[PDB]
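**Q** Got a structure here, written out as structure tokens. Questions coming.
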């Protein structure tokens, strides 16, 4: 009955400090335990730590006091900082509530990703953070035409950007039928590229709207279907 | 760590079970949970308190425990159940939760589907900057594995090719993409370029000729 959203930079330099925010919506943090869990590419889940509603904390001993978790009840935000990062810290980071319940004949217990009292799902979305020396690079956006009586399929190429992610809409969100946006590839340049394709069978216009939050850039591209 | 089988399979509409083995200091004392995750996506809680379901989790998922082993049972398997499942439990001697290594569930019997392929040439604006990207988009294939070969004038190209892994679409089929990066000058150097996509012993080929665009 709850929403948690992770936010912060997707790229951190080696030996520097990774910081993230968990913004909680529709609860008071005075009444909720909130914790952090990460998943490295391909591998196990690892617990980072938790801040209880009473204000005390617990941390994973395996992170060697590199962790700090704080909260601001007034702003509905929980903060995480992890110092001296290496490539071992490249992972997807989740916030979640630690919700407690009575187990019949046993006592009280708690589970991460569960809201107390209502027992609804209470996981954040997850945010990938990559530890890397690479510089931020805004994408170049190119129109795609299959015109090389034809049935015409068109698109936008979002070329040579860093880091992930980017968002694509068409006609400021109005066009959705026949839209397929593909996951990105990493090219030998060391930069990402992805494509969005529109398949439609007139007065119709086609404009792709690309956003790259890491570079605070937005690009609108008109694409011509005709031949 | 809690011990799970790396993989299990069941058929559409049938039952499957996933075990999670631990010790008398974790599963023997504390309450087991279960999480579901589709690769590329986030985590969802399926079970808490050994046997309880969060709001909105359908009752064909059930959880049980005996001694130091917990079990997740899934009845009436659907395509959407294809995912990874992790068990979790508290421990007597720390605040650290203990996780299972995870189990990948495959749901058999799903309908086969050949890939749709679209091949885009480089745009005039890219060629103006002395670069040329060819884009091969691959959609609506099941099962989720293809191989891609690029050719120029019938000769296999190896350099400057990058191909994504297959990823699951909204409609539970799979998509992928392949990129050939050239200079403006190499684009015009050849008569024809081909993207050849092989899926379950069948091959779909698309071609573009620089002379016609």
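Protein chains in written order, with the entry's author numbering: chain H, 1 to 148, 153 to 205, 210 to 235; chain L, 3 to 215. Heads up, the beta-carbon is just placed ideally off N, CA and C, and yes, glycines get one too.
What do you get for residue 101(L), buried or exposed, if any count of 16 or more other CB atoms within 10 angstroms of its CB means buried?
**A** Along the second chain, one-based indexing puts residue 101(L) at 99. When all chains shown are included, residue 101(L) counts as buried.
**Q** How is the alpha helix (DSSP H) around residue 130(L) delimited, first residue to last?
**A** Translated into positions along the second chain, residue 130(L) becomes position 128. Counting along the chain, the alpha helix (DSSP H) containing residue 130(L) begins and ends at 126-130.
**Q** Would residue 210(L) count as contacting chain H if we go by Cβ distances under 8 Å?
**A** Position 208 of the second chain, counting from 1, holds the residue named residue 210(L). Taking Cβ atoms only, chain H reaches closer than 8 Å to residue 210(L), which makes this a yes.
**Q** Taking the straight line between their C-alpha atoms, what separation do you get for residue 260(H) and residue 122(H)?
**A** Chain H is shown only over 1 to 235; residue 260(H) falls outside these bounds and no answer can be derived.
**Q** Could you check where the beta strand (DSSP E) with residue 164(H) kicks off and where it finishes?
**A** Taking the first residue of the first chain as 1, we reach residue 164(H) at position 160. Unbroken beta strand (DSSP E) run through residue 164(H): 157-165.
**Q** Helix, strand or coil: which one does DSSP assign to residue 188(H)?
**A** Position 184 of the first chain holds residue 188(H). Coil.
**Q** Measuring alpha carbon to alpha carbon, tell me which of 75(H), 60(H) and 158(H) ends up nearest residue 23(H).
**A** If you number the first chain from 1, residue 23(H) lands on position 23. Considering only alpha carbons, the answer is 75(H).
**Q** Residue 128(H) and residue 168(H) look like a contact to me (Cβ under 8 Å); what is the Cβ gap, rounded to whole Å?
**A** Taking the first chain and counting its residues from 1, one reaches residue 128(H) at position 128. Taking the first chain and counting its residues from 1, one reaches residue 168(H) at position 164. Confirmed, about 7 Å.
**Q** Would the beta-carbon of residue 198(L) fall within 8 Å of that of residue 133(L)?
**A** The residue labelled residue 198(L) in the question sits at position 196 within the second chain. The residue labelled residue 133(L) in the question sits at position 131 within the second chain. In this structure, residue 133(L) does not lie closer than 8 Å to residue 198(L) by Cβ.
**Q** Under a three-way DSSP split, which group does residue 44(H) fall into?
**A** Locating residue 44(H) in the first chain gives position 44, where the first residue counts as 1. Three-state result, residue 44(H): coil.
**Q** At the level of alpha carbons, what is the spacing between residue 94(L) and residue 16(L)?
**A** The residue given as residue 94(L) occupies position 92 in the second chain. The residue given as residue 16(L) occupies position 14 in the second chain. In a straight line, the C-alpha of residue 94(L) is about 37 Å away from that of residue 16(L).
**Q** Can you check whether the CB of residue 120(L) is closer than 8 Å to the CB of residue 192(H)?
**A** Counted from its first residue, the first chain places residue 192(H) at position 188. Counted from its first residue, the second chain places residue 120(L) at position 118. Contact: no.
**Q** How big is the Cα-Cα spacing for residue 23(L) and residue 48(L)?
**A** Here the question's residue 23(L) lines up with position 21 in the second chain. Here the question's residue 48(L) lines up with position 46 in the second chain. Distance between the alpha carbons of residue 23(L) and residue 48(L): 18 Å.
**Q** Who are residue 134(L)'s beta bridge partners in DSSP?
**A** Here residue 134(L) is taken as the residue at index 132 of the second chain, counted from 1. DSSP lists 184(L) as partners of residue 134(L).
**Q** Using Cβ-Cβ distances below 9 Å, what residues of the segment 47-67 of chain L are close to chain H?
**A** Those would be 47, 49, 50, 51, 52, 54, 55, 56, 57, 58 and 59, in chain order.
**Q** Taking 6 Å as the limit between beta carbons, can you name the residues of its chain near residue 164(L), skipping five residues before and five after?
**A** By 1-based counting over the second chain, the position of residue 164(L) is 162. Contacts found: 181.
**Q** Quick one, which residues of the segment 110-127 of chain L are near chain H if we go by CB-CB under 7 Å, in chain order?
**A** Residues passing the 7 Å Cβ filter: 120, 122, 123, 125 and 127.
**Q** Express the C-alpha separation of residue 79(H) and residue 67(L) in angstroms, rounding to a whole number.
**A** Indexing the second chain from 1 puts residue 67(L) at position 65. Indexing the first chain from 1 puts residue 79(H) at position 79. When rounded, the distance between both Cα atoms is 36 Å.
**Q** Provide the residue span of the beta strand (DSSP E) that contains residue 36(L), from first to last.
**A** Taking the first residue of the second chain as position 1, residue 36(L) is located at position 34. Start and end: 34-39.
**Q** Could you tell me whether the segment 156-176 of chain H touches the segment 212-232 of chain H, using the rule of 3 or more Cβ pairs below 8 Å?
**A** Contact between the segment 156-176 of chain H and the segment 212-232 of chain H is present, because at least three Cβ pairs lie under 8 Å.
**Q** Using only CA atoms, which one of 14(L), 50(L), 81(L) and 214(L) lies nearest to residue 190(L)?
**A** The residue you call residue 190(L) lines up with position 188 of the second chain. Among 14(L), 50(L), 81(L) and 214(L), the Cα nearest to that of residue 190(L) belongs to 214(L).
**Q** Express the C-alpha separation of residue 103(L) and residue 38(L) in angstroms, rounding to a whole number.
**A** By one-based count along the second chain, residue 38(L) stands at place 36. By one-based count along the second chain, residue 103(L) stands at place 101. Straight-line Cα distance between these residues: approximately 13 Å.
**Q** Grouping DSSP H, G and I as helix and E and B as strand, with all else coil, what is residue 96(H)?
**A** Counting from one through the first chain, the residue named residue 96(H) turns up at place 96. Three-state DSSP puts residue 96(H) in a strand.
**Q** Can you grab the Cα-Cα spacing for the pair residue 184(H) / residue 211(L), in whole Å?
**A** Counting from 1 along the first chain, the entry for residue 184(H) is found at position 180. Counting from 1 along the second chain, the entry for residue 211(L) is found at position 209. Taking the straight line joining both Cα atoms gives about 25 Å.
**Q** Can you list, in chain order, the residues of its chain with a C-beta nearer than 6 Å to that of residue 35(L)? Leave out the 5 residues immediately preceding and following it.
**A** Counting from one through the second chain, the residue named residue 35(L) turns up at place 33. Closer than 6 Å at Cβ, skipping near neighbours: 49, 50 and 90.
**Q** Tell me, please, whether the segment 105-112 of chain L touches the segment 5-19 of chain L by the rule of three or more beta-carbon pairs shorter than 8 Å.
**A** Contact holds: three or more Cβ-Cβ distances are below 8 Å.
**Q** By Cβ distance, which residues of its chain are closer than 7 Å to residue 31(L), with the 5 residues on each side in sequence left out?
**A** Working through the second chain from its first residue, we reach residue 31(L) at position 29. 94, listed in sequence order.
**Q** By the 10 Å Cβ neighbour count, where 16 or more other Cβ atoms means buried, how is residue 108(H) classified, buried or exposed?
**A** For the purposes of this step, residue 108(H) is identified with residue 108 of the first chain, where counting begins at 1. The residue is exposed, with fewer than 16 neighbouring Cβ atoms inside 10 Å.
**Q** Taking 6 Å as the limit between beta carbons, can you name the residues of its chain near residue 156(H), skipping five residues before and five after?
**A** Locating residue 156(H) in the first chain gives position 152, counting from the first residue. Closer than 6 Å at the Cβ level, and outside the excluded window around residue 156(H), lie 233.
**Q** Note down the Cα distance separating residue 59(L) from residue 76(L), rounded to an integer number of angstroms.
**A** Numbered from its first residue, the second chain carries residue 59(L) at position 57. Numbered from its first residue, the second chain carries residue 76(L) at position 74. The straight-line gap from Cα to Cα measures roughly 12 Å.
**Q** Alpha carbon to alpha carbon, what distance is there between residue 112(H) and residue 102(H)?
**A** Translated into positions along the first chain, residue 102(H) becomes position 102. Translated into positions along the first chain, residue 112(H) becomes position 112. Those two C-alpha atoms are separated by around 15 Å.
**Q** Closest to residue 71(H) by C-alpha separation, out of 165(H), 44(H) and 28(H), would be which residue?
**A** Indexing the first chain from 1 puts residue 71(H) at position 71. Of the candidates 165(H), 44(H) and 28(H), the one whose C-alpha sits nearest the C-alpha of residue 71(H) is 28(H).
**Q** Would you call residue 88(H) buried or exposed, if buried means 16 or more other Cβ atoms sit within 10 Å of its Cβ?
**A** Taking the first chain and counting its residues from 1, the one referred to as residue 88(H) is at position 88. Exposed: under 16 other Cβ atoms inside 10 Å.
**Q** Among residues of its own chain, excluding the 5 on either side of residue 19(H), which ones have a beta-carbon nearer than 6 Å to its beta-carbon?
**A** Here residue 19(H) corresponds to residue number 19 of the first chain, with the count starting at 1. Hits under 6 Å: 8 and 81.
**Q** When you compare the CB of residue 121(H) with every CB in chain L, is at least one pair closer than 8 Å?
**A** On the first chain, position 121 is the one that residue 121(H) refers to. Closer than 8 Å to some Cβ of chain L, the Cβ of residue 121(H) qualifies, so yes.
**Q** Buried or exposed: residue 175(L), going by 16 or more other Cβ atoms within 10 Å of its Cβ?
**A** In the second chain, the residue the question calls residue 175(L) occupies position 173. Classification for residue 175(L): buried.
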